[PDB]
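In what follows, one protein chain appears twice in different forms, each by itself as structure tokens: structure 1 and structure 2.
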Structure 1
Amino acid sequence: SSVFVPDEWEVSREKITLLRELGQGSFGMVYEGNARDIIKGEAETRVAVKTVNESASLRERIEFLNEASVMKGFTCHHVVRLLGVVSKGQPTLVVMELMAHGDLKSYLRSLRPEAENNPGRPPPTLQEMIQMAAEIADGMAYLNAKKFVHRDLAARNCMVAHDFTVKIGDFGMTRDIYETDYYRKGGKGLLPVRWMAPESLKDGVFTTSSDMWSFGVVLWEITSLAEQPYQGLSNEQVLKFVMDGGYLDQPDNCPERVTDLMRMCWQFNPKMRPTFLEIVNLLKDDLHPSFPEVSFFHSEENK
């Protein structure tokens, strides 16, 4: 009987309760919910639950499959945690840790002084921006260490927790690079042009170096409160611009320290760009006391 070979990630639908919509993805919905007894020691746990639209295409379902699969293998404080999967029936539910403040792009925009949904606090201080950068870089370092390339690092894909900790999310485009250290894209597909390195736009080659290029754009989004990169240029113009050696300007009043990081990330030669561990190292002396207690960088696993 099938019962004798279960899936350890399987969660009973009975334990999940949906409260409200957190956001809408391209082929599904993300809901805030509460789950009963899904974590030892926790009677109830706040969660985010993603569903797949009944109308989702095969390509979209294949993507979600990879996404959930890669998440299962990750254990990092700075990477969004998968908690379980409800597959006993329809619709399939992917249960993840709740990131109360949603995606970084939305969060940043809400911090604009004139924002209708301003939470009543100032935009990110220099200290807060460095902390965000270090958390994103640590999560990315872990991913790189596990031999995966994200390919879609952007503020929209970083999530913010109740305590404002930023973590890497959206592993839909993530690829295994264990054997060769790179991924060469096959056919045609939807690519985040404004976040891509020149060599990826040119040859379709993705490496941890191209993820570093994207990290630089994320710093640009943080320092501009999520404005649109290359506003005024179409995707086709951006592709040509970047391949020709172009890059973004420093946002108005961008802290010199962050500007320096962006300069490192936007070098044309991927081999001259820094690594995620090197970014965390540059920032390690001015972070929250708890960082060494939870980071991949300070962990025994970073060997």
Structure 2
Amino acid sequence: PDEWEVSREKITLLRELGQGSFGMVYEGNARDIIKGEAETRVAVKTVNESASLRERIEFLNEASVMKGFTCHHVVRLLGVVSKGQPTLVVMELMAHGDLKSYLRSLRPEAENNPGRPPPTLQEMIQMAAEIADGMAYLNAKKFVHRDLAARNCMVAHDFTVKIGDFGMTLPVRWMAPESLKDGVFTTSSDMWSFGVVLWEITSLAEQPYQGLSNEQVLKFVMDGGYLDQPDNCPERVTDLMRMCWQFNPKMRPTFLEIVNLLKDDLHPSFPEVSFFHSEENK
């Protein structure tokens, strides 16, 4: 931990990035936080003033959990400021924000279209694999996410997609039938959500089950229903989605199996940074 402690003086806040459950998250710069570089672009989490003592404590404890993660496909903790107020949690910056928002900016009618076409089949597979790789890492770490969705995935400067955090410490449209029914959460229910993320990716982040109320989705899914394939969705992605949505959780694949299914169609750098190809998984 002390090894993680960073002096407040080294952090410079630049602008608001978004609201976290504990408080505002800002984009900033950190002086000499990573060996080899003078200054690193970073995301800085803070805890709102209206927070109770216990929440300020839980805020730090969460950072402490992340200290144990070293996966290229999960957003990394860079350091923390726990001495004095306000406390800060420095994470690697994901320059393109949450996946959902990123996907909607690539929509033809997007008032903020970055100027490129929607994601290619190749890019979608790369995203799937990266997301699956991060999930496999978390699962190997004994963590069941419970809230996997595009909003909870992030996009780096080089477009690498990573899982935001270790999970939710509600998401009806993303929950597996057994979770909706018995309220049970497993890595298998995380696979179901994973499928909805793929659906989100192919639909450029449309609202799942648009038209149905959370009341109807609840019954629909529990009766065995699932999402319709987006228009002109690539067959290969449709098959992955279908596997993820088998009513019987024992029938769905594992994240490791997802990665294995797509390993021969990824960017060359993948094996050098993936958990799947790392020695922590062999």
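Throughout, residue numbering runs from 1 along the sequence of structure 1. If you superpose the two forms and keep the largest set of C-alpha atoms that fall within 1.5 Å, you have the rigid core.
Superposing the rigid core between structure 1 and structure 2 leaves a single residue from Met243, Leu277, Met264, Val70 with a C-alpha shift of at least 2 Å: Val70. The two forms, fitted on the rigid core, differ between structure 1 and structure 2 by less than 2 Å at the CA of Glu32. In a rigid-core overlay of the protein, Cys254 has its C-alpha displaced by under 2 Å between structure 1 and structure 2. Core-superposed comparison between structure 1 and structure 2: the Cα of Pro122 travels less than 2 Å. The rigid core superposition between structure 1 and structure 2 gives a CA shift for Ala48 of 0.4 Å.
Superposed on the rigid core, the forms differ at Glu60: its CA is offset by 6.1 Å between structure 1 and structure 2.
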